[PDB]
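Listed below, chain by chain, are the residues.
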Amino acid sequence: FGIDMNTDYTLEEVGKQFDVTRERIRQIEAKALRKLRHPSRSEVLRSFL
Amino acid sequence: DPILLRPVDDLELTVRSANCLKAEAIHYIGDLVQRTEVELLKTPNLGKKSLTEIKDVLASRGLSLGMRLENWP
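Residues numbered from 1 in each chain as written, not as in the entry; some residues may be left out. Chains lettered and ligands numbered in written order. Part of a larger assembly, values for the part shown. Heavy atoms only, no water.

For this coordinate set, the PDB header names cryo-EM as the determination method and states a resolution of 3.2 Å.

1. Some remarks on the pattern of salt bridges
One side chain can pair with another of opposite charge once the charged atoms of both are near each other. All names here are of chain B. Formally: We define a salt bridge as a side-chain nitrogen of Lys or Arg found within 4 Å of a carboxyl oxygen belonging to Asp or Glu. Secondary structure follows DSSP: runs of H or I at least 4 residues long count as helices, runs of E at least 2 residues long count as strands, and numbering of each begins at the N terminus.
Following the criterion strictly, the structure yields five salt bridges over all chains and no others. Among the salt bridges present, the one from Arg61 reaches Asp10, with a minimum N-O distance of 3.3 Å. With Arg61 in the segment after α4 (48-60) and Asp10 in the segment before α1 (15-23), the pair connects residues that are 51 residues apart, well separated along the chain.

2. A word on the layout of surface pockets
Residue and element names in this part refer to chain A. Note the threshold: Residues are said to line a cavity or pocket when one of their atoms sits within 4 Å of a point; the points come from a 1 Å grid over protein atoms alone, cavities being sets where a 1.4 Å probe fits but cannot get out and pockets being open sets with protein on both sides within 12 Å along at least five of seven lines. Grid points are joined across faces, edges and corners, and a volume is the space filled by probe spheres set on the points. Under the scheme applied here, ten amino acids are nonpolar (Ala, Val, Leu, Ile, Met, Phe, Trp, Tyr, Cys and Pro), four are charged (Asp, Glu, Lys and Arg), and all others, including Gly, are polar.
The calculated volume of the largest pocket comes to roughly 630 Å³. Along the lines of polarity and charge, the residues of the lining of the largest pocket split into nine nonpolar, four polar and eight charged. Taken as a whole, the second largest pocket encloses approximately 430 Å³ of empty space. The wall of the second largest pocket is formed by 16 residues, among which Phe1, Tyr9, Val14, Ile25 and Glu29 lie closest to the centre. For the lining of the second largest pocket, the secondary-structure elements that each account for two or more residues are α1 (11-18) and α2 (22-37). Top element by residues in the lining of the second largest pocket is α2. It accounts for six residues. A breakdown of the residues in the lining of the second largest pocket according to their chemical character gives twelve nonpolar, one polar and three charged.

Right, here's the structure in full:
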């Protein structure tokens, strides 16, 4: 996303940054999003909804 | 008590131990701590490290083995 930076990046550019396939970065993002979906962290966020 | 009804997924458990506990059919933290050391260690593919880390997260969440439950659920 564009968090605390100038521009967001497509996953190909991030894959170039981390020397890895675009697929693997998709997996990393899915796993992290799954982790943040979990309770004990979603409450403060979803209070913004 | 507001902490015993939280799902066992809150414990931040790895996949292997999660599958072992699902085979044990446990979904509540009180049900997680109702059993004992050897009883949960007898399960296949679950080692001393798995139950050790479970006890570590229990201690970091203010729990220690040797307790008992009353009228749950």
